[PDB]
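Engineer: There's a structure below that I have some questions on.
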Amino acid sequence: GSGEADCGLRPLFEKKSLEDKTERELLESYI
Amino acid sequence: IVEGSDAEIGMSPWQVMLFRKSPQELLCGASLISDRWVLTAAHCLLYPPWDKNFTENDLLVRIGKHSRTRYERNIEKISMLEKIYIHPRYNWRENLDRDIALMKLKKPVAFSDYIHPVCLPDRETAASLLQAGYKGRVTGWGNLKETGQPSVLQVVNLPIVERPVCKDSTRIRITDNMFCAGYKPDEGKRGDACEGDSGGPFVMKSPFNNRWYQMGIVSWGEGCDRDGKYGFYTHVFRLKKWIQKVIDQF
Amino acid sequence: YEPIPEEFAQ
Ligand SMILES: N=C(N)c1ccc(CNC(=O)[C@@H]2CCCN2C(=O)[C@@H](CC2CCCCC2)NCC(=O)O)s1
């Protein structure tokens, strides 16, 4: 749609369902 | 980046390096938004006060990098610029208003584990994520302190700051096309972008669809990581229509 | 900085 499908999904993380060292810090701040 | 840390491999597959042909040196950060388009700050290409006015042939874009100085053979990819587009109302005279530019790559870049485009926000995502307190991530190979440089890509997580607080921290007239981020003096933690990080992406991970979106671009600041001061970024969504126009007609 | 291969300089 407003963004070409597949964008924003990192090959070495989201696509393997692995998380990076601090991405949790961002999500926890989204109240 | 000041007070940041080493990014892990493939953590920012959209991170782009603006490299100068001669003398060979880091010029700015940027980001990949599709296989042919790169987004960056306009002051990276044009800024008369410092006699800065680059053309398509003065630059090279290096995608998929980690190390700042090494030519990461078989990993990174170097592309040439076909055309550059600065926002018609970019204000370098007063306050770097509309500090944004699009660069068209001569040939499409092939995606891989270290090269992948970040998403461009739509109205719903911007309204939902662009809120004071919500943290974003900035990346770059810029200076580590106020002027020294890092060996690998630096990353730092910073919270978006209320517009009023941003306004009362400088004498520079801020506009709706920009926002600021950083920790306040009493929040304990610190961190900021710095010289060299210009054009770098400010991204947020959507909790709704798990995709990474680029909300801002490293634009300007006064010093680096100074208490009471905040980094300013170009508001990407506010300029989305100009971005779409340029891409659909060119 | 480490030298970039020549064929990109064109
Ligand atoms: N603390 C930060 N987040 C950042 C600090 C420097 C950044 C790169 N931008 C720039 O250097 C841009 C390019 C033109 C002058 N810039 C600056 O950031 C200038 C302030 C600028 C404000 C708008 C009107 C022209 C003067 N400060 C330089 C400094 O304090 O080192 S980002």
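We number chain B the same way Swiss-Prot does; the residues here are 364-510, 518-620, in that order.
Placed from the backbone N, Cα and C atoms, the Cβ positions cover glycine too.
Feature list, courtesy of Swiss-Prot:
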DISULFID  B:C391-B:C407  disulfide bond
ACT_SITE  B:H406  active site, charge relay system
CARBOHYD  B:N416  N-linked glycosylation site
ACT_SITE  B:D462  active site, charge relay system
DISULFID  B:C536-B:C550  disulfide bond
DISULFID  B:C564-B:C594  disulfide bond
ACT_SITE  B:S568  active site, charge relay system
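Provide an account of the burial state, proximal residues and distances for the features listed.
Structural biologist: In the three-state DSSP scheme, B:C407 (disulfide bond) falls into the helix class.
With a cut-off of 8 Å between CB atoms and residues at least 6 apart in sequence, the same chain places B:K415, B:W455, B:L459, B:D462, B:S568, B:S589, B:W590 near B:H406 (active site, charge relay system), listed in sequence order.
Remark: B:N416 (N-linked glycosylation site) has B:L408, B:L409, B:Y410 as non-local neighbours, by Cβ distance under 8 Å and separation of at least 6 in sequence.
Neighbour count (other Cβ atoms within 10 Å of the Cβ, all protein chains): 30 for B:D462 (active site, charge relay system).
Counting every protein chain shown, the Cβ of B:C550 (disulfide bond) has 24 other Cβ atoms within 10 Å.
Secondary structure at B:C564 (disulfide bond), as computed by DSSP, is coil. Remark: B:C564 (disulfide bond) has B:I364, B:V365, B:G505, B:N506, B:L507, B:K508, B:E509, B:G591, B:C594, B:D595 as non-local neighbours, by Cβ distance under 8 Å and separation of at least 6 in sequence.
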Engineer: Take B:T510 and B:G518, the residues on either side of 7 unmodelled positions, and give their C-alpha distance in whole angstrom.
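Structural biologist: Here the endpoints' Cα atoms lie 8 Å from each other.
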Engineer: Do me a favour and check the Cα-Cα span between B:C407 (disulfide bond) and B:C550 (disulfide bond); whole Å is fine.
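Structural biologist: About 19 Å separate the Cα atoms of these two residues.
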Engineer: Helix, strand or coil: which one is B:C536 (disulfide bond) in, per DSSP?
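Structural biologist: Reduced to three states, the DSSP call for B:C536 (disulfide bond) is helix.
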Engineer: Would you mind reading off the Cα separation of B:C391 (disulfide bond) from B:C536 (disulfide bond), to the nearest angstrom?
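Structural biologist: So the alpha carbons of B:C391 (disulfide bond) and B:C536 (disulfide bond) sit roughly 24 Å from each other.
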Engineer: Do you know which of the recorded positions B:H406, B:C536, B:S568, B:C594 end up with C-beta under 6 Å from ligand 1?
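Structural biologist: Listed by sequence, the hits are B:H406, B:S568, B:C594.
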Engineer: Among the disulfide-bonded residues B:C391, B:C536, B:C594, whose Cβ has the fewest other Cβ atoms within 10 Å?
Structural biologist: B:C536
